[PDB]
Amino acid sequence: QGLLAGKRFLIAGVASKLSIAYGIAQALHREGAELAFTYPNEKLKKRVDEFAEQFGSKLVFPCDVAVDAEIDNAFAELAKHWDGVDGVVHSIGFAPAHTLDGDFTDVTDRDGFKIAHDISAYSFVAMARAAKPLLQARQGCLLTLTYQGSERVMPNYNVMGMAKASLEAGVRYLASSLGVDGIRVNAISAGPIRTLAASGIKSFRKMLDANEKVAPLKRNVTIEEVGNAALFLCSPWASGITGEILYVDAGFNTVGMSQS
């Protein structure tokens, strides 16, 4: 009998034991929640399917957020088994590698722009809609993952910064849209973490080593600390919070100027 006794949650974005979604799932399950998972993509099906099976779950559905049908079908299918859900976790972001390697101006093409904002920003709004029925029944909450590159320039984050900034604006509009129906909408601004979202990024732990020295706590966060924070936001303890962007970066965002 944990904090999430009898509560259910959908987790989109588990790619490996390292994804931010995994640390979330572990924290939720650790507290008694029942879990469901999506995969983009059946390259990933087998790994996700009973990757679910550490979590007492078999509920594994295909969901590529580029296709409108895949979204609603995944929620109609997931509708078949579950009344509703007390939360939907959005841990999805993507942009064409080339748009994240070089000068922002030179490498940001129109297509690379479309995919970035499409996969990483609109997806959250689409899922929210297809999930609204399941969420009103249970007056669950929504949660997405953002990054403070939306508010500040980081080298090579480029169009992803614009996408995250759009995402963050969405959370606020979703919170007013769904707030009347008792559905809370929030996001976590996590510090940089070495996950599969770092593959192909040459600067990465040079970024990791910089964050380690600048963050007031002198360390980089983990998927556990992110999971624990996401757990709180998906819980009745966070019942008074909506449209909030919680920074889980060891306070990195608060430093103007460190001892070089």
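The numbering used is simple: start at 1 and walk along the sequence shown.
Averaged over Cα atoms, the B-factor as recorded in the entry is higher for 124-132 than for the other of 124-132 and 159-167.
As recorded in the PDB entry, 44-52 is the stretch of 44-52 and 222-230 with the greater mean C-alpha temperature factor.
When the C-alpha B factors of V67, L217, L28, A210 are read from the deposited coordinates, the top value falls at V67. Sorting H90, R172, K114, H81 by the CA temperature factor given in the entry leaves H81 at the top. Sort the modelled residues of the chain by CA B factor and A76 lands in the middle third. Residue-level temperature factors show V180 in the highest third of its chain, judged at the C-alpha atom. When the modelled residues of the chain are ordered by their C-alpha B factor, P192 lands in the middle third. Split the chain's modelled residues into thirds by C-alpha temperature factor. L143 is in the lowest one. When the modelled residues of the chain are ordered by their C-alpha B factor, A12 lands in the lowest third.
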